[PDB]
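In: Enclosed are the sequence and the experimentally obtained structure.
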Amino acid sequence: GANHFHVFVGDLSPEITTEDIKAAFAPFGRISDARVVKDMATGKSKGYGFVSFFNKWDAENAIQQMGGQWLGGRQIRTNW
């Protein structure tokens, strides 16, 4: 169907899950999908995740606003 606008999130704490990373990016707008990439073998957090918004003037906010903000005792990268 119609494509969404995907936001990369780097430097996540290993304790961070799909539940709380969705809660951190919910204040900007509604989320079509969000997840933290786990390793297929072990199941621990790889370090990064994705958050896809419906609107672009929304992900654009989420990238600029969260660029270096603390989440789980670690500053995060944000980009497309």
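Out: Looks like it came in fine. Numbers count the residues shown, from 1 in each chain.

In: contacts, neighbours, all on C-alpha from now
Out: Will do.

In: Pull the residues that contact the longest helix along the chain.
Out: Determined from DSSP state H, the single longest helix within the chain is helix 56-65. Contact partners of helix 56-65, identified using C-alpha atoms under 8 Å, 6 or more residues apart in numbering, comprise 5-7, 25, 28-29, 52-53, 78-80.

In: Filter those residues down to the buried ones and hand me the PyMOL line.
Out: The following PyMOL line selects those of the contacts of helix 56-65 that are buried, judged by 16 or more other C-alpha atoms under 10 Å:
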select buried, resi 5+6+7+25+28+29+52+53+78+79
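
In: I'd like the contacts of helix 56-65 written out as TSV, with secondary structure and distance to residue 72 added.
Out: Formatted as TSV, the entries for the contacts of helix 56-65 read as follows, by DSSP: H, G, I helix; E, B strand; the rest coil; distance: C-alpha to C-alpha, whole Å:
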residue	secondary structure	distance to residue 72
5	strand	25
6	strand	22
7	strand	19
25	helix	14
28	coil	19
29	coil	21
52	strand	21
53	strand	22
78	strand	15
79	strand	19
80	coil	21
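
In: will you turn the contacts of helix 56-65 into JSON lines that also has distance to residue 38?
Out: As requested, these are arranged in JSON lines below (distance: C-alpha to C-alpha, whole Å):
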{"residue": "5", "distance to residue 38": "21"}
{"residue": "6", "distance to residue 38": "18"}
{"residue": "7", "distance to residue 38": "17"}
{"residue": "25", "distance to residue 38": "19"}
{"residue": "28", "distance to residue 38": "24"}
{"residue": "29", "distance to residue 38": "25"}
{"residue": "52", "distance to residue 38": "17"}
{"residue": "53", "distance to residue 38": "21"}
{"residue": "78", "distance to residue 38": "18"}
{"residue": "79", "distance to residue 38": "19"}
{"residue": "80", "distance to residue 38": "19"}
